[PDB]
Amino acid sequence: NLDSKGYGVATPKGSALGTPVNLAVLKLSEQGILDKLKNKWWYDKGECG
Amino acid sequence: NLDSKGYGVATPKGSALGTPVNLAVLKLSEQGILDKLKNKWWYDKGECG
Amino acid sequence: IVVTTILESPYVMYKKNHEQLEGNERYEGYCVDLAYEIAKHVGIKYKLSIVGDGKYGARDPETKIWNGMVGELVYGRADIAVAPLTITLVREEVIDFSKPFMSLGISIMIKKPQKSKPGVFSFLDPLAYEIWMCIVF
Amino acid sequence: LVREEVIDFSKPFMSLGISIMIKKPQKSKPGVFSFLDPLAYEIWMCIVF
Amino acid sequence: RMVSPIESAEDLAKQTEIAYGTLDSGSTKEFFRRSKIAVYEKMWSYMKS
Amino acid sequence: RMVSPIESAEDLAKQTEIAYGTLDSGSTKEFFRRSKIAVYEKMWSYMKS
């Protein structure tokens, strides 16, 4: 990659769901769920093999 | 890579420097300063050719 | 809880029979699953929404009005946006972003290399040109 | 996740992951008389005999 | 001399030039639907799609 | 064995036979326009002209 960017889960400023959503994302990242979803939706359903 | 992680600038909870530091890091990222520093300290000073 | 999103494969997709389906059952994709998991972890009831104008979000230089998902979040029309919304300084100044659930960057796409039609003098290819020259010498 | 519960992290200023390091494969420099390699030394000697 | 025929479910899952399927509304279909193994999950995704 | 002619951005910059581009208006174009790195500066020079 020529640069580094990231996708986030946006929330309105000051909302109470900000911290819970951030921690949920971190949990899913550490549990390998995000990698599992990536593999499922990019390669398991890929038509090239 | 077998997983995806990131390095971040830490701060005490509730500190006044949190948002300024976050915005500063984002601005550096968008200006290419972080990539410039990494290239400087990894490859410009690289003993290998 | 309203979960604004943008229809963009594989993040959000319409099921083969979405006409007969209603509610969250209509959609599928990476971000549908991500929203499901996030709701499970946070323990909330959520409804998926597709932003009307189908834009990630930007500030109008004239009216200074945010559009897209960022506009929905800014003006209280949505509670959360589970979508491939890049973390940027301008957006981060008006909303809160979680840590990157996906890391990406600029990359190069090229057509897959394919066997090329043999050259006219490809019969000389087994040996290097220097070998042929030295053979003549 | 454990750290994020006690301190505030800015956005990642550098992404990384788990990767594999291996000794770089030594470049192959053919010997001057490597054209004899297909047959064993004893074969050449017995051919001369 | 290097040709190797299909010899497992992994070979079927990896390739794409040979289609595969199973009796509709049977025990095998349920097995593939409920499976949590990576190769069987991939096979289920392929057959469903 | 099939070898791709390109394996990095430096290879794109050096060569001239293979053209390259981006969207007419997007984040990639702005990144290249604002890039102060030599390689990406040269790539932007090529693309704009």
# chains A, B, ... in the order shown; residues from 1 in each chain; ligands from 1
call {"tool": "residues_around", "arguments": {"residues": "residue F:13", "least_positions_apart": "4", "cutoff": "12 Å", "atoms": "only C-alpha atoms", "output": "ChimeraX atom specification"}}
result
/F:6-9,17-20,38-47
call {"tool": "select_by_dssp", "arguments": {"residues": "chain B", "states": "strand (DSSP E)", "output": "JSON list (two decimals) with N, CA, C and O atoms, in the first residue's frame"}}
result
[["chain", "number", "residue", "atom", "x", "y", "z"],
["B", 5, "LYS", "N", -2.71, -4.78, 13.74],
["B", 5, "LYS", "CA", -2.61, -4.01, 14.97],
["B", 5, "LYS", "C", -2.18, -2.59, 14.62],
["B", 5, "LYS", "O", -1.84, -2.29, 13.48],
["B", 6, "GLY", "N", -2.16, -1.74, 15.63],
["B", 6, "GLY", "CA", -1.72, -0.37, 15.43],
["B", 6, "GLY", "C", -1.10, 0.20, 16.69],
["B", 6, "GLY", "O", -1.44, -0.20, 17.80],
["B", 7, "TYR", "N", -0.17, 1.13, 16.49],
["B", 7, "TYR", "CA", 0.44, 1.88, 17.58],
["B", 7, "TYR", "C", -0.25, 3.23, 17.72],
["B", 7, "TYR", "O", -0.51, 3.90, 16.72],
["B", 10, "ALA", "N", -0.81, 7.33, 23.73],
["B", 10, "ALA", "CA", -1.65, 7.15, 24.90],
["B", 10, "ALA", "C", -1.71, 8.43, 25.72],
["B", 10, "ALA", "O", -0.85, 9.31, 25.62],
["B", 11, "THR", "N", -2.76, 8.53, 26.54],
["B", 11, "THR", "CA", -2.99, 9.69, 27.38],
["B", 11, "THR", "C", -3.83, 9.25, 28.57],
["B", 11, "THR", "O", -4.57, 8.27, 28.46],
["B", 12, "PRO", "N", -3.73, 9.93, 29.71],
["B", 12, "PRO", "CA", -4.61, 9.59, 30.83],
["B", 12, "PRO", "C", -6.07, 9.84, 30.48],
["B", 12, "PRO", "O", -6.40, 10.73, 29.70]]
call {"tool": "residues_around", "arguments": {"residues": "stretch 27-35 of chain B", "least_positions_apart": "3", "cutoff": "9 Å", "atoms": "only C-alpha atoms", "output": "list in words"}}
result
residues 3, 4 and 5 of chain A; 22, 23, 24, 38, 39 and 40 of chain B; 88 and 89 of chain C; 13 and 14 of chain D; 31, 34, 35, 36 and 37 of chain F
call {"tool": "calpha_fit_rmsd", "arguments": {"fixed": "chain F", "moving": "chain E"}}
result
1.8 Å
call {"tool": "residues_around", "arguments": {"residues": "residue C:87", "least_positions_apart": "4", "cutoff": "9 Å", "atoms": "only C-alpha atoms", "output": "list in words"}}
result
residues 5, 6, 7, 8, 9 and 10 of chain A; 26 of chain B; 91, 92, 97, 98, 99 and 100 of chain C; 11 of chain D
call {"tool": "interface_residues", "arguments": {"of": "chain D", "to": "chain A", "cutoff": "12 Å", "atoms": "only C-alpha atoms", "output": "list in words"}}
result
residues 1, 2, 3, 4, 5, 6, 8, 9, 11, 12, 13, 14, 15 and 16 of chain D
call {"tool": "closest_residue", "arguments": {"among": "B:48, B:37, B:2, B:21", "to": "chain A", "atoms": "only C-alpha atoms"}}
result
B:2
call {"tool": "residues_around", "arguments": {"residues": "residue C:48", "least_positions_apart": "3", "cutoff": "12 Å", "atoms": "only C-alpha atoms", "output": "PyMOL selection string"}}
result
chain C and resi 1-7+12-13+22-28+31-36+39+45+51+78-83
call {"tool": "interface_residues", "arguments": {"of": "chain C", "to": "chain F", "cutoff": "8 Å", "atoms": "only C-alpha atoms", "output": "list in words"}}
result
residues 106, 108, 112, 113, 114 and 115 of chain C
call {"tool": "closest_residue", "arguments": {"among": "B:17, B:43, B:49, B:36", "to": "chain F", "atoms": "only C-alpha atoms"}}
result
B:36
call {"tool": "atom_distance", "arguments": {"atom1": "atom CA of residue B:42", "atom2": "atom CA of residue C:104"}}
result
20.7 Å
call {"tool": "decode", "arguments": {"residues": "stretch 8-35 of chain A", "atoms": "N, CA, C and O atoms", "output": "PDB file, in the first residue's frame"}}
result
ATOM      1  N   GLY A   8     -13.796   3.296  10.167  1.00  0.00           N
ATOM      2  CA  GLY A   8     -14.279   3.386  11.525  1.00  0.00           C
ATOM      3  C   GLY A   8     -15.791   3.290  11.583  1.00  0.00           C
ATOM      4  O   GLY A   8     -16.484   3.356  10.570  1.00  0.00           O
ATOM      5  N   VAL A   9     -16.290   3.119  12.801  1.00  0.00           N
ATOM      6  CA  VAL A   9     -17.721   3.098  13.075  1.00  0.00           C
ATOM      7  C   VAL A   9     -18.063   4.457  13.673  1.00  0.00           C
ATOM      8  O   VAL A   9     -17.798   4.719  14.848  1.00  0.00           O
ATOM      9  N   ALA A  10     -18.654   5.325  12.862  1.00  0.00           N
ATOM     10  CA  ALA A  10     -18.916   6.693  13.271  1.00  0.00           C
ATOM     11  C   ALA A  10     -20.081   6.759  14.252  1.00  0.00           C
ATOM     12  O   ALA A  10     -20.941   5.878  14.301  1.00  0.00           O
ATOM     13  N   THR A  11     -20.093   7.828  15.042  1.00  0.00           N
ATOM     14  CA  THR A  11     -21.127   8.062  16.037  1.00  0.00           C
ATOM     15  C   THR A  11     -21.245   9.565  16.241  1.00  0.00           C
ATOM     16  O   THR A  11     -20.262  10.286  16.043  1.00  0.00           O
ATOM     17  N   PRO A  12     -22.423  10.073  16.607  1.00  0.00           N
ATOM     18  CA  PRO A  12     -22.528  11.507  16.893  1.00  0.00           C
ATOM     19  C   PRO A  12     -21.662  11.900  18.079  1.00  0.00           C
ATOM     20  O   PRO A  12     -21.442  11.116  19.004  1.00  0.00           O
ATOM     21  N   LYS A  13     -21.165  13.134  18.044  1.00  0.00           N
ATOM     22  CA  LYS A  13     -20.334  13.630  19.133  1.00  0.00           C
ATOM     23  C   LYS A  13     -21.097  13.575  20.449  1.00  0.00           C
ATOM     24  O   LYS A  13     -22.266  13.964  20.521  1.00  0.00           O
ATOM     25  N   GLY A  14     -20.433  13.083  21.491  1.00  0.00           N
ATOM     26  CA  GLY A  14     -21.003  13.060  22.821  1.00  0.00           C
ATOM     27  C   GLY A  14     -21.983  11.939  23.083  1.00  0.00           C
ATOM     28  O   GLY A  14     -22.503  11.846  24.202  1.00  0.00           O
ATOM     29  N   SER A  15     -22.252  11.086  22.101  1.00  0.00           N
ATOM     30  CA  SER A  15     -23.191   9.994  22.297  1.00  0.00           C
ATOM     31  C   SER A  15     -22.640   8.987  23.297  1.00  0.00           C
ATOM     32  O   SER A  15     -21.426   8.831  23.453  1.00  0.00           O
ATOM     33  N   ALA A  16     -23.551   8.300  23.984  1.00  0.00           N
ATOM     34  CA  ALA A  16     -23.151   7.288  24.952  1.00  0.00           C
ATOM     35  C   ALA A  16     -22.704   5.991  24.294  1.00  0.00           C
ATOM     36  O   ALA A  16     -22.055   5.172  24.952  1.00  0.00           O
ATOM     37  N   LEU A  17     -23.031   5.784  23.018  1.00  0.00           N
ATOM     38  CA  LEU A  17     -22.644   4.561  22.329  1.00  0.00           C
ATOM     39  C   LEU A  17     -21.205   4.587  21.832  1.00  0.00           C
ATOM     40  O   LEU A  17     -20.715   3.556  21.361  1.00  0.00           O
ATOM     41  N   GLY A  18     -20.516   5.718  21.937  1.00  0.00           N
ATOM     42  CA  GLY A  18     -19.161   5.811  21.438  1.00  0.00           C
ATOM     43  C   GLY A  18     -18.207   4.837  22.097  1.00  0.00           C
ATOM     44  O   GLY A  18     -17.567   4.032  21.413  1.00  0.00           O
ATOM     45  N   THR A  19     -18.093   4.907  23.423  1.00  0.00           N
ATOM     46  CA  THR A  19     -17.181   4.012  24.133  1.00  0.00           C
ATOM     47  C   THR A  19     -17.597   2.553  24.016  1.00  0.00           C
ATOM     48  O   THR A  19     -16.723   1.702  23.764  1.00  0.00           O
ATOM     49  N   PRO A  20     -18.866   2.183  24.215  1.00  0.00           N
ATOM     50  CA  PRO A  20     -19.242   0.778  23.999  1.00  0.00           C
ATOM     51  C   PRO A  20     -18.934   0.285  22.600  1.00  0.00           C
ATOM     52  O   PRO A  20     -18.482  -0.852  22.440  1.00  0.00           O
ATOM     53  N   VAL A  21     -19.151   1.113  21.576  1.00  0.00           N
ATOM     54  CA  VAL A  21     -18.888   0.676  20.208  1.00  0.00           C
ATOM     55  C   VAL A  21     -17.391   0.525  19.976  1.00  0.00           C
ATOM     56  O   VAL A  21     -16.944  -0.411  19.303  1.00  0.00           O
ATOM     57  N   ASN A  22     -16.594   1.442  20.523  1.00  0.00           N
ATOM     58  CA  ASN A  22     -15.146   1.331  20.397  1.00  0.00           C
ATOM     59  C   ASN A  22     -14.646   0.043  21.038  1.00  0.00           C
ATOM     60  O   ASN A  22     -13.844  -0.695  20.447  1.00  0.00           O
ATOM     61  N   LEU A  23     -15.123  -0.252  22.247  1.00  0.00           N
ATOM     62  CA  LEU A  23     -14.695  -1.470  22.922  1.00  0.00           C
ATOM     63  C   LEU A  23     -15.207  -2.716  22.212  1.00  0.00           C
ATOM     64  O   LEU A  23     -14.515  -3.736  22.190  1.00  0.00           O
ATOM     65  N   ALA A  24     -16.407  -2.662  21.633  1.00  0.00           N
ATOM     66  CA  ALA A  24     -16.903  -3.793  20.857  1.00  0.00           C
ATOM     67  C   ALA A  24     -16.022  -4.050  19.645  1.00  0.00           C
ATOM     68  O   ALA A  24     -15.716  -5.204  19.320  1.00  0.00           O
ATOM     69  N   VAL A  25     -15.606  -2.985  18.959  1.00  0.00           N
ATOM     70  CA  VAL A  25     -14.718  -3.143  17.813  1.00  0.00           C
ATOM     71  C   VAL A  25     -13.392  -3.744  18.252  1.00  0.00           C
ATOM     72  O   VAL A  25     -12.850  -4.638  17.591  1.00  0.00           O
ATOM     73  N   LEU A  26     -12.844  -3.265  19.371  1.00  0.00           N
ATOM     74  CA  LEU A  26     -11.582  -3.817  19.857  1.00  0.00           C
ATOM     75  C   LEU A  26     -11.727  -5.290  20.225  1.00  0.00           C
ATOM     76  O   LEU A  26     -10.855  -6.107  19.902  1.00  0.00           O
ATOM     77  N   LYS A  27     -12.822  -5.651  20.897  1.00  0.00           N
ATOM     78  CA  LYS A  27     -13.062  -7.048  21.240  1.00  0.00           C
ATOM     79  C   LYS A  27     -13.132  -7.912  19.990  1.00  0.00           C
ATOM     80  O   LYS A  27     -12.497  -8.969  19.915  1.00  0.00           O
ATOM     81  N   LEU A  28     -13.907  -7.479  18.997  1.00  0.00           N
ATOM     82  CA  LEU A  28     -14.040  -8.266  17.777  1.00  0.00           C
ATOM     83  C   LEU A  28     -12.705  -8.388  17.059  1.00  0.00           C
ATOM     84  O   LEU A  28     -12.414  -9.421  16.445  1.00  0.00           O
ATOM     85  N   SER A  29     -11.886  -7.337  17.110  1.00  0.00           N
ATOM     86  CA  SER A  29     -10.562  -7.400  16.504  1.00  0.00           C
ATOM     87  C   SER A  29      -9.678  -8.419  17.209  1.00  0.00           C
ATOM     88  O   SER A  29      -8.987  -9.208  16.555  1.00  0.00           O
ATOM     89  N   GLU A  30      -9.690  -8.422  18.544  1.00  0.00           N
ATOM     90  CA  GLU A  30      -8.818  -9.329  19.282  1.00  0.00           C
ATOM     91  C   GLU A  30      -9.304 -10.771  19.209  1.00  0.00           C
ATOM     92  O   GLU A  30      -8.497 -11.699  19.323  1.00  0.00           O
ATOM     93  N   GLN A  31     -10.604 -10.984  19.020  1.00  0.00           N
ATOM     94  CA  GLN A  31     -11.150 -12.331  18.923  1.00  0.00           C
ATOM     95  C   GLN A  31     -11.020 -12.927  17.529  1.00  0.00           C
ATOM     96  O   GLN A  31     -11.388 -14.090  17.339  1.00  0.00           O
ATOM     97  N   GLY A  32     -10.515 -12.173  16.558  1.00  0.00           N
ATOM     98  CA  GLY A  32     -10.397 -12.669  15.205  1.00  0.00           C
ATOM     99  C   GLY A  32     -11.680 -12.652  14.409  1.00  0.00           C
ATOM    100  O   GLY A  32     -11.715 -13.217  13.311  1.00  0.00           O
ATOM    101  N   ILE A  33     -12.738 -12.027  14.928  1.00  0.00           N
ATOM    102  CA  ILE A  33     -14.014 -12.017  14.221  1.00  0.00           C
ATOM    103  C   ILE A  33     -13.935 -11.140  12.980  1.00  0.00           C
ATOM    104  O   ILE A  33     -14.508 -11.469  11.937  1.00  0.00           O
ATOM    105  N   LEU A  34     -13.246 -10.002  13.074  1.00  0.00           N
ATOM    106  CA  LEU A  34     -13.122  -9.119  11.919  1.00  0.00           C
ATOM    107  C   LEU A  34     -12.365  -9.800  10.787  1.00  0.00           C
ATOM    108  O   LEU A  34     -12.757  -9.702   9.618  1.00  0.00           O
ATOM    109  N   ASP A  35     -11.278 -10.500  11.112  1.00  0.00           N
ATOM    110  CA  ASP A  35     -10.561 -11.257  10.093  1.00  0.00           C
ATOM    111  C   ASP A  35     -11.445 -12.345   9.500  1.00  0.00           C
ATOM    112  O   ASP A  35     -11.395 -12.609   8.293  1.00  0.00           O
TER     113      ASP A  35
END
